């Protein structure tokens, strides 16, 4: 199984980050975060990256400057994104909407869009520099809720990176919000969709390796499972494989309980009554939780883990009509420690330079299924696994063994 090493590196020069406040005074309120965006597993950050080719007619305009000023005007409507989150009484998190400002970095990079390769595909080099981690930012509470970096290129293109605080929205929200920002950058005076905020309706020694698996091997793994389970998604399959291997490789007590947790967006999977509000941009995620004992995962074939993953998916999606509060629920209980997390990154913003050349995303195991078409014309999936060297080599060994077999028969 191949490793993918990023072989591009460049200087980045950044100015000092600036607080962007809404261009117009906004309401000073104390808003509540819903019970979905409040849950522990979602108390992280959520990151994205956009690549824009140079446009000659846009020569008189500085993308950082258009975007920064757009941002001011955008924060007028999305004024929670200029607030800080913090601890309510009891154990609930709220947004202090006082226009403190989002963070914005203007940067330049000694490199050109072309030097990234054909095509633009992740994982990207030097991303830690494209979107800097200003010290005193990475906490959930009392930090800016949005951090964005515009970095312009020697070729006249530019990269736009952004990190949202994940208690405020999810990837789908991000899409809406990014489009809103784009229309305001593009001359509009209001987003096409006017945002609402009604989160009450939802209350009541480590080493890294990235691996490419060709659709060849995926095909093999598919043909090596029970036919009644052969119709799964390739995400489902690969997550089965990772749960299985990570557990074997983790060398834990055969009695330990093993959890395989992933986000599933239910914005468009359920038909809600009452419907959702038109400008809702709160978190809308179910967390299927596939469990098994260590020893069953290790002793049984991949079909056991796979079947369990699909029963998990179904169980969390079983009901398809009802209220949000009945249909969408937090992850039950304290997220375990033996858990493993997998996000699916397999499934049109314009600021004046057109649509992006690429647009995507920057103690237990947390990994991503990243689409990646290879050097020679294989679609496939890149998995950025990171573990301790002991665990990590054992993880590769076991996943390699499964690979050899699945095709070799």
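Numbering follows the first chain given and starts at 1.
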Problem set entry | Unresolved deposited residues lying between neighbours residue 347 and residue 348 | 4 to 9
For this session: Look at the stretch from residue 32 to residue 33 and count the residues of the deposited sequence that the entry does not model, then pick none, 1 to 3, 4 to 9, or 10 or more.
Result: none
Exercise. Taking the recorded C-alpha temperature factors, which stretch has the higher mean, 184-192 or 286-294?
Worked result: 184-192
Seminar exercise, completed: Stretch with higher mean Cα temperature factor, 267-275 vs 68-76, is 267-275
Exercise. Between 300, 199, 246, 209, which carries the biggest CA temperature factor in the record?
Worked result: 209
Exercise. Highest CA temperature factor in the entry: which of 384, 380, 27, 48?
Worked result: 380
For this session: Taking the chain's C-alpha temperature factors as the reference, tell me which third residue 388 falls into: lowest, middle or highest.
Result: highest
Problem set entry | Chain-wide C-alpha B factor ranking for residue 97, given as lowest, middle or highest third | middle
Problem set entry | For residue 91, the third of its chain into which the C-alpha B factor falls | highest
For this session: Select lowest, middle or highest to describe the third in which the CA B-factor of residue 332 falls within its chain in this entry.
Result: middle
Seminar exercise, completed: residue 319: C-alpha B-factor third of its chain, per the entry, is the highest
